[PDB]
There are 2 protein chains.
Amino acid sequence: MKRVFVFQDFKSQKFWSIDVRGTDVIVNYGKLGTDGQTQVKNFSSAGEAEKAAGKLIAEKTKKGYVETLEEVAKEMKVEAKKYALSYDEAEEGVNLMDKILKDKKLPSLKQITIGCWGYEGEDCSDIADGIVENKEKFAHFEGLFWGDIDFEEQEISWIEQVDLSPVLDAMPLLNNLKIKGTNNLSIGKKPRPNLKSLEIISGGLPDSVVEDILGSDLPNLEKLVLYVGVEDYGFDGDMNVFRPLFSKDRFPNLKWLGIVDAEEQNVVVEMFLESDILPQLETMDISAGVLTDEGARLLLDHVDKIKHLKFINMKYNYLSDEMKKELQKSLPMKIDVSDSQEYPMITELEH
Amino acid sequence: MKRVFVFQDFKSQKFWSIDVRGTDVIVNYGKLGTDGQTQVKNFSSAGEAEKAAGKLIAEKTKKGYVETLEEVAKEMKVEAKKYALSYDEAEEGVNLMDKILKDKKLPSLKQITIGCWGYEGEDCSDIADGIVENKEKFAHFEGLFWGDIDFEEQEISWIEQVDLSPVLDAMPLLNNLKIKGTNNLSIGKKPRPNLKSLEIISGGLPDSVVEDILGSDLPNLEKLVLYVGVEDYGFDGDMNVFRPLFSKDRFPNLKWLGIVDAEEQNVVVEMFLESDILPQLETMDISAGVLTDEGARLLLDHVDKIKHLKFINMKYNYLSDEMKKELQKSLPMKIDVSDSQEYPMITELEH
């Protein structure tokens, strides 16, 4: 019997189905709303086929694929899209906001990603203004990924943002907010009970951004991930600014907290351990930074405070293999200590 | 004074220029033939500006950018391109070979990349046949990257190749050959003094492919990189097949040799050390595989045989930090021991 699975985020809107018939395992995959492709693999026996199918399924669900009724998946449509201006379109005089405002599938999308907006060094004012002036067309969005600009297009430290508080105000249904680039960025100081997830990717996170968060009310927030970055590109050097964020009173529903990509990553470990928010968390995110053995050490010296966590993300670190072995054996929950670097030590986005 | 630099390979055709005026460092970058973008960065003094510019330049040249006269770079055009069929084009009934044969810039390109050719599980027969039947239009190419199919499109083990010997025969000026995917692949057994570089990326490299190489004459070959892959996806399990390749008589002009992405990566180290080809090599490539400390050990026990090399690539390995430190301090030349994994151990393409 065919089992259908679906994966959906800002970038992927696809399905994957598997069926075992005899000694053949039949896979069908593609973008939602299309027939997709088909792969058939023969096995020595029905037993090997079923065993193979089992591993594929387990792998897919581990990656986030959700089993879905075939009749439902069949009728599902792409509900996420990225709008970006190419260099050619710019030369042609194409206006990104016009590409967005024009799209007839715009009403059907639940998530939207804003990518490169120009090549003349302009900030994203036209985009912010355009959205604010057309709130009715964007009032329905539930997810926004603002600034999906790759390294090749322009380094993160060159992304020119604007005050996005008016844009967020025009999207009252947003529950997932992701922003990349922090130069001149702001999100205001307003209550935003609509937000469930907030992640800001930065090459150096200004204090103004943190203050906007501290000044905002996010009672229903469940995930908060902030890239610290370095002083050369925006960070002001004072790590104590993040401390007030570690408060259950401030984020009573927070499950995932992350202060990442910092030179002083070990300090973040201390913040977690001494915070009153830690008991409620499921995930401690201390990735992308210069997390050393003295940082991991703290965790091991306080297993009591963290043994309830479901995941500790330390992806990209400077741990020694001996420490990683210890962490592996001494910590009961899932942890990611991958991408260890060779122990000047720099943050992940500094590469 | 503005200094202009250019980088060109199968995927990138771009320029980068830098100029220091006062305390400002002015960078201009983009695709060859376009005005590109401009970034200006102010510094505290002319000294800091020049120092900053120096680091940017050093970084660019280290990445392969070649300083070029401004008047020359200004007139340079993109000379590499990738032709690929999207799912939409297929639905529209578009034929990839027609997209290629149609392009009016085809005569001006020096390098060509063949990407996805269909979505019905077809092999690349139309492409091979199409080229063979239009040798005059492709007789000028100097570089060919056949099979640039990403993981998301379809896994490497699902790429369906064909006998490409006729395609290579239709491109007598080719000097750089790169092929990804090896199912039913062949390149024939003919003399090909035109080839300078040959790299085959595979999830399991069949003996038929190696035999084609052994059966061919490549006197002017300077680089040979072969991905071994695993038995589950094509490799036949016998590593001794590669041994005859390690011969100065066979490849008298070889400078870079690589047998990579193998489960028995340590054995490859032995092949190098015992070969008569090693003395002439500049680069020993033993990356992407399960290279362990006992493998690196051999190198350290025989510094005499390798101290002449300019580079030993061990990117993606299973070395311990202690061994990497030793290698770092005991080996006089540049080495890449990055992307170490945590010591079932698998090959890079097995992920």
# chains A, B, ... in the order shown; residues from 1 in each chain; ligands from 1
>>> calpha_fit_and_write(fixed="chain A", moving="chain B", output="short mmCIF file (atom, residue, chain, number, x, y, z; two decimals) with C-alpha atoms, in the first residue's frame")
data_model
loop_
_atom_site.label_atom_id
_atom_site.label_comp_id
_atom_site.auth_asym_id
_atom_site.auth_seq_id
_atom_site.Cartn_x
_atom_site.Cartn_y
_atom_site.Cartn_z
CA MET B 1 0.00 0.00 0.00
CA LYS B 2 1.34 3.38 -1.04
CA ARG B 3 2.31 5.69 1.74
CA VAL B 4 2.45 9.37 0.91
CA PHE B 5 4.56 11.96 2.71
CA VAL B 6 4.84 15.75 2.46
CA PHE B 7 7.51 18.32 3.36
CA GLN B 8 6.82 22.07 3.47
CA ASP B 9 8.88 25.07 4.54
CA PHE B 10 9.92 28.42 3.05
CA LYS B 11 11.88 26.65 0.30
CA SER B 12 10.44 23.14 -0.16
CA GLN B 13 6.90 22.27 -1.14
CA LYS B 14 7.11 18.61 -2.04
CA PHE B 15 5.84 15.06 -1.66
CA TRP B 16 7.45 11.66 -1.51
CA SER B 17 5.54 8.39 -1.75
CA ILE B 18 6.64 4.80 -1.42
CA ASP B 19 5.05 1.49 -2.30
CA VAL B 20 6.34 -2.05 -2.22
CA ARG B 21 5.08 -4.46 -4.84
CA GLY B 22 6.70 -7.85 -4.82
CA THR B 23 10.46 -7.35 -4.75
CA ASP B 24 10.21 -3.84 -6.17
CA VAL B 25 10.21 -0.65 -4.13
CA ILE B 26 8.47 2.16 -6.00
CA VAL B 27 9.22 5.78 -5.10
CA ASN B 28 7.42 8.80 -6.53
CA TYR B 29 8.64 12.30 -5.69
CA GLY B 30 8.24 15.86 -6.83
CA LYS B 31 6.84 19.33 -6.20
CA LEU B 32 3.35 19.43 -4.74
CA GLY B 33 0.78 19.59 -7.50
CA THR B 34 2.86 17.67 -10.06
CA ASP B 35 3.19 14.05 -11.08
CA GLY B 36 6.83 14.19 -10.12
CA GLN B 37 9.35 11.46 -10.96
CA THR B 38 9.44 7.73 -10.32
CA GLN B 39 12.23 5.45 -9.24
CA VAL B 40 11.96 1.69 -9.09
CA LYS B 41 14.43 -0.53 -7.29
CA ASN B 42 14.39 -4.30 -7.42
CA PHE B 43 15.47 -6.46 -4.53
CA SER B 44 16.49 -10.08 -4.02
CA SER B 45 13.31 -10.79 -2.08
CA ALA B 46 10.13 -9.33 -0.64
CA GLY B 47 11.87 -9.27 2.72
CA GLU B 48 14.77 -7.16 1.54
CA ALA B 49 12.38 -4.86 -0.29
CA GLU B 50 10.28 -4.23 2.82
CA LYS B 51 13.40 -3.74 4.91
CA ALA B 52 14.70 -1.23 2.39
CA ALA B 53 11.39 0.61 2.31
CA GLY B 54 11.39 0.82 6.07
CA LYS B 55 14.74 2.58 6.12
CA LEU B 56 13.69 5.08 3.46
CA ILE B 57 10.53 5.94 5.36
CA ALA B 58 12.32 6.32 8.70
CA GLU B 59 14.80 8.58 6.96
CA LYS B 60 12.11 10.78 5.43
CA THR B 61 10.18 11.25 8.66
CA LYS B 62 13.41 12.05 10.45
CA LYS B 63 13.92 14.78 7.88
CA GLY B 64 10.55 16.31 8.63
CA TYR B 65 8.33 14.60 6.05
CA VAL B 66 4.81 14.14 7.40
CA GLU B 67 2.70 11.18 6.37
CA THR B 68 -0.38 12.47 4.55
CA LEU B 69 -3.45 10.83 3.01
CA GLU B 70 -2.91 10.41 -0.71
CA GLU B 71 -6.15 12.17 -1.67
CA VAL B 72 -5.11 15.15 0.41
CA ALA B 73 -1.52 15.39 -0.84
CA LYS B 74 -2.74 15.00 -4.41
CA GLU B 75 -4.78 18.15 -4.10
CA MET B 76 -2.22 20.18 -2.18
CA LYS B 77 -0.58 23.12 -3.91
CA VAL B 78 2.67 25.02 -3.44
CA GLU B 79 2.04 27.51 -0.66
CA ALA B 80 5.47 29.08 -0.32
CA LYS B 81 7.38 31.19 -2.76
CA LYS B 82 10.46 33.32 -3.15
CA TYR B 83 10.40 36.60 -5.05
CA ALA B 84 13.71 37.90 -6.26
CA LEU B 85 14.99 40.28 -8.89
CA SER B 86 17.75 39.07 -11.15
CA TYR B 87 20.38 41.42 -12.56
CA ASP B 88 18.75 41.06 -15.96
CA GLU B 89 15.33 42.06 -14.70
CA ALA B 90 16.88 45.12 -13.07
CA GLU B 91 18.51 46.10 -16.36
CA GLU B 92 15.14 45.63 -18.00
CA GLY B 93 13.78 48.08 -15.44
CA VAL B 94 11.73 45.47 -13.58
CA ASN B 95 10.48 46.44 -10.13
CA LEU B 96 10.43 43.59 -7.58
CA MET B 97 7.35 44.89 -5.85
CA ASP B 98 5.56 44.75 -9.17
CA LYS B 99 6.56 41.11 -9.62
CA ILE B 100 5.03 40.31 -6.25
CA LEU B 101 1.92 42.49 -6.53
CA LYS B 102 1.37 40.98 -9.99
CA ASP B 103 1.53 37.26 -9.20
CA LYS B 104 -1.91 35.68 -9.36
CA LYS B 105 -0.93 32.88 -6.98
CA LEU B 106 -0.11 35.44 -4.32
CA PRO B 107 -3.45 34.95 -2.57
CA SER B 108 -2.86 31.22 -2.30
CA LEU B 109 0.57 31.42 -0.70
CA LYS B 110 0.93 31.02 3.03
CA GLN B 111 4.64 31.84 3.14
CA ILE B 112 6.69 34.39 1.30
CA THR B 113 10.43 34.93 0.96
CA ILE B 114 11.82 38.40 -0.11
CA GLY B 115 15.17 37.99 -1.86
CA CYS B 116 17.42 40.45 -3.70
CA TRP B 117 15.60 43.79 -4.31
CA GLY B 118 18.14 45.76 -6.37
CA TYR B 119 21.71 46.21 -7.52
CA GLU B 120 22.25 49.92 -6.96
CA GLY B 121 22.90 49.62 -3.27
CA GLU B 122 19.31 50.60 -2.42
CA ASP B 123 17.78 49.57 0.89
CA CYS B 124 14.53 47.61 0.83
CA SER B 125 12.33 50.67 1.28
CA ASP B 126 10.29 50.06 -1.86
CA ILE B 127 9.43 46.59 -0.64
CA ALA B 128 8.52 47.69 2.87
CA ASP B 129 6.53 50.65 1.52
CA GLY B 130 4.92 48.58 -1.19
CA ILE B 131 3.67 46.03 1.33
CA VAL B 132 2.46 48.66 3.78
CA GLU B 133 0.51 50.32 0.97
CA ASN B 134 -1.08 47.02 0.00
CA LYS B 135 -1.79 45.45 3.38
CA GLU B 136 -4.90 43.73 2.00
CA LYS B 137 -2.83 41.57 -0.36
CA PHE B 138 -0.40 40.43 2.33
CA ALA B 139 -2.73 40.35 5.30
CA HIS B 140 -3.05 36.59 4.84
CA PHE B 141 0.58 35.49 5.12
CA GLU B 142 1.64 33.24 7.99
CA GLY B 143 5.33 33.12 7.26
CA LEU B 144 7.86 35.72 6.15
CA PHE B 145 11.54 35.21 5.31
CA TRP B 146 12.88 38.70 4.73
CA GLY B 147 16.32 39.06 3.17
CA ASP B 148 17.10 35.68 1.62
CA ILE B 149 20.26 37.05 0.03
CA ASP B 150 23.10 34.60 -0.58
CA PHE B 151 26.81 35.21 -0.08
CA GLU B 152 27.44 35.42 -3.84
CA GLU B 153 24.81 38.08 -4.33
CA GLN B 154 26.19 40.18 -1.49
CA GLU B 155 27.65 39.41 1.94
CA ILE B 156 25.33 39.51 4.91
CA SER B 157 27.06 42.62 6.25
CA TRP B 158 26.01 44.50 3.13
CA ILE B 159 22.29 43.82 3.34
CA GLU B 160 20.51 47.14 3.78
CA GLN B 161 17.36 46.79 5.84
CA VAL B 162 14.81 49.35 7.00
CA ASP B 163 12.29 49.66 9.80
CA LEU B 164 10.15 46.58 9.24
CA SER B 165 7.67 47.30 12.02
CA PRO B 166 5.16 48.64 9.50
CA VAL B 167 5.51 45.50 7.39
CA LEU B 168 4.94 43.27 10.38
CA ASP B 169 1.91 45.41 11.25
CA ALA B 170 0.46 44.76 7.78
CA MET B 171 0.74 40.99 8.34
CA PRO B 172 -1.24 40.27 11.50
CA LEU B 173 -1.47 36.56 10.73
CA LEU B 174 2.29 35.97 10.62
CA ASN B 175 3.50 33.32 13.04
CA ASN B 176 6.93 32.54 11.57
CA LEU B 177 9.40 35.40 11.04
CA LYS B 178 12.89 35.01 9.67
CA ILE B 179 15.13 37.94 8.78
CA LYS B 180 18.65 37.88 7.33
CA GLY B 181 20.79 41.02 7.34
CA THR B 182 20.63 43.61 10.12
CA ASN B 183 22.09 46.91 8.91
CA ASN B 184 19.59 49.61 9.92
CA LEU B 185 17.04 46.96 10.83
CA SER B 186 14.19 47.46 13.27
CA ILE B 187 11.00 45.59 14.10
CA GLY B 188 9.59 48.03 16.60
CA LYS B 189 8.46 47.71 20.19
CA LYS B 190 4.89 46.50 20.02
CA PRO B 191 2.91 43.61 21.32
CA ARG B 192 2.96 40.80 18.77
CA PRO B 193 1.12 37.84 20.19
CA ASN B 194 0.82 36.49 16.66
CA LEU B 195 4.50 35.53 16.40
CA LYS B 196 5.44 31.95 17.28
CA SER B 197 8.89 31.89 15.72
CA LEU B 198 11.50 34.60 15.37
CA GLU B 199 14.94 34.05 13.91
CA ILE B 200 17.36 36.76 12.95
CA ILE B 201 20.50 35.95 10.97
CA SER B 202 23.15 38.63 11.30
CA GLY B 203 26.88 39.25 10.78
CA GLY B 204 26.80 41.42 13.84
CA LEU B 205 23.62 41.95 15.76
CA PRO B 206 23.01 45.61 16.80
CA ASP B 207 21.74 46.42 20.29
CA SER B 208 18.83 48.21 18.63
CA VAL B 209 17.49 44.89 17.41
CA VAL B 210 17.70 43.28 20.83
CA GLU B 211 15.99 46.31 22.35
CA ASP B 212 13.14 46.00 19.88
CA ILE B 213 12.65 42.44 21.06
CA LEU B 214 12.89 43.36 24.74
CA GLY B 215 10.47 46.19 24.08
CA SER B 216 7.99 43.90 22.34
CA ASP B 217 5.52 41.51 23.86
CA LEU B 218 5.83 38.02 22.46
CA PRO B 219 3.80 35.89 24.89
CA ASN B 220 3.12 33.14 22.38
CA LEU B 221 6.68 32.96 21.04
CA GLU B 222 7.94 29.36 20.94
CA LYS B 223 11.24 29.79 19.12
CA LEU B 224 13.83 32.57 19.23
CA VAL B 225 17.12 32.33 17.42
CA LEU B 226 19.49 35.26 17.21
CA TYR B 227 22.84 35.32 15.45
CA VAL B 228 25.29 37.44 17.46
CA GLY B 229 27.92 37.93 14.80
CA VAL B 230 31.02 40.06 15.40
CA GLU B 231 31.95 43.62 16.33
CA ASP B 232 33.38 44.33 12.89
CA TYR B 233 29.97 43.95 11.29
CA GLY B 234 27.42 45.24 13.77
CA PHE B 235 27.72 43.58 17.18
CA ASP B 236 28.46 46.10 19.89
CA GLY B 237 30.53 43.73 22.01
CA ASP B 238 28.37 43.58 25.15
CA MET B 239 26.96 40.11 25.65
CA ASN B 240 24.98 41.06 28.75
CA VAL B 241 22.34 42.53 26.48
CA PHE B 242 20.98 39.07 25.75
CA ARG B 243 20.64 38.08 29.40
CA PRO B 244 17.18 39.59 29.98
CA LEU B 245 15.87 37.36 27.17
CA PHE B 246 16.42 34.32 29.36
CA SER B 247 13.22 34.88 31.33
CA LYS B 248 10.21 32.62 31.68
CA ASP B 249 8.13 35.66 32.55
CA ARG B 250 9.08 37.26 29.24
CA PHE B 251 8.60 34.17 27.06
CA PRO B 252 6.28 31.85 29.00
CA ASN B 253 5.77 29.58 25.99
CA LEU B 254 9.30 29.49 24.59
CA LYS B 255 10.58 25.99 23.70
CA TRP B 256 13.61 26.74 21.54
CA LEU B 257 16.06 29.45 22.51
CA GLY B 258 19.25 30.23 20.67
CA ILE B 259 21.96 32.87 20.96
CA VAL B 260 24.32 31.64 18.31
CA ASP B 261 27.23 32.48 16.09
CA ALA B 262 29.10 34.34 18.86
CA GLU B 263 32.81 34.60 19.67
CA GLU B 264 31.93 34.29 23.33
CA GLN B 265 29.77 31.23 22.84
CA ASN B 266 30.79 29.69 26.16
CA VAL B 267 29.18 32.58 28.00
CA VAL B 268 25.85 31.69 26.42
CA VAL B 269 26.08 28.32 28.09
CA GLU B 270 26.31 30.10 31.43
CA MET B 271 23.24 32.20 30.63
CA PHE B 272 21.22 29.09 29.95
CA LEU B 273 22.32 27.31 33.11
CA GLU B 274 21.60 30.24 35.39
CA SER B 275 18.27 31.15 33.82
CA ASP B 276 14.77 30.47 35.07
CA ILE B 277 13.65 29.83 31.51
CA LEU B 278 15.79 26.69 31.11
CA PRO B 279 13.39 24.36 32.93
CA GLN B 280 10.69 24.87 30.28
CA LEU B 281 12.91 24.63 27.20
CA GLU B 282 13.07 21.66 24.90
CA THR B 283 15.99 22.96 22.86
CA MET B 284 19.17 24.76 23.88
CA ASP B 285 20.74 26.24 20.76
CA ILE B 286 24.39 27.18 21.09
CA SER B 287 25.55 26.58 17.55
CA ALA B 288 27.63 28.38 14.95
CA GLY B 289 30.03 29.86 17.47
CA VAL B 290 33.37 29.42 19.22
CA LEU B 291 32.05 26.87 21.68
CA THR B 292 35.06 25.22 23.31
CA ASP B 293 35.57 22.38 25.77
CA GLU B 294 35.33 24.74 28.72
CA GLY B 295 31.88 25.58 27.47
CA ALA B 296 30.75 21.97 27.13
CA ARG B 297 32.37 21.34 30.49
CA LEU B 298 29.71 23.45 32.17
CA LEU B 299 27.00 21.27 30.70
CA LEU B 300 28.63 18.12 32.01
CA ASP B 301 29.07 19.69 35.45
CA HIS B 302 25.34 20.39 35.47
CA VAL B 303 23.57 17.48 33.82
CA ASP B 304 20.86 17.93 36.43
CA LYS B 305 19.75 21.23 34.92
CA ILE B 306 19.66 20.03 31.33
CA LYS B 307 18.68 16.36 31.39
CA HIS B 308 15.13 17.38 30.54
CA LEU B 309 16.05 18.98 27.23
CA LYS B 310 15.17 17.15 24.04
CA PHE B 311 17.99 18.62 21.99
CA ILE B 312 21.17 20.59 22.41
CA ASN B 313 22.40 22.01 19.14
CA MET B 314 26.15 22.54 19.01
CA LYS B 315 26.48 22.27 15.24
CA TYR B 316 29.70 24.08 14.28
CA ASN B 317 31.98 24.21 17.29
CA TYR B 318 35.54 23.93 18.55
CA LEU B 319 35.18 20.90 20.81
CA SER B 320 37.91 18.27 21.03
CA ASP B 321 37.11 14.70 20.06
CA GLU B 322 37.62 13.62 23.64
CA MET B 323 35.03 16.14 24.84
CA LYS B 324 32.60 15.13 22.11
CA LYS B 325 32.95 11.50 23.20
CA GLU B 326 32.26 12.50 26.80
CA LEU B 327 29.29 14.61 25.80
CA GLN B 328 27.99 11.78 23.66
CA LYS B 329 28.15 9.26 26.49
CA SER B 330 27.29 11.53 29.41
CA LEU B 331 24.31 13.35 27.89
CA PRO B 332 21.03 11.40 27.62
CA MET B 333 19.34 13.46 24.92
CA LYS B 334 19.96 14.12 21.27
CA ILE B 335 22.83 16.48 20.57
CA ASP B 336 24.51 17.75 17.46
CA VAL B 337 28.23 18.24 17.84
CA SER B 338 28.91 18.02 14.11
CA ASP B 339 31.02 20.40 12.05
CA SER B 340 33.68 20.71 14.71
CA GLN B 341 36.47 22.99 13.59
CA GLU B 342 40.19 22.61 14.26
CA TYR B 343 41.08 24.25 17.56
CA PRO B 344 42.20 32.40 15.24
CA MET B 345 38.92 30.74 16.06
CA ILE B 346 36.00 32.35 14.28
CA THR B 347 32.22 32.14 14.17
CA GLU B 348 30.39 30.22 11.44
CA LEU B 349 29.25 33.26 9.45
CA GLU B 350 32.76 34.64 9.59
CA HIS B 351 33.78 32.10 6.99
#
>>> select_by_dssp(residues="range 89-247 of chain A", states="alpha helix (DSSP H)", output="PyMOL selection string")
chain A and resi 89-91+96-102+125-132+135-138+165-169+207-215
>>> select_by_dssp(residues="range 3-170 of chain B", states="strand (DSSP E or B)", output="VMD selection string")
chain B and resid 3 to 8 13 to 21 24 to 31 37 to 42 66 to 67 80 to 83 111 to 114 143 to 146 160 163
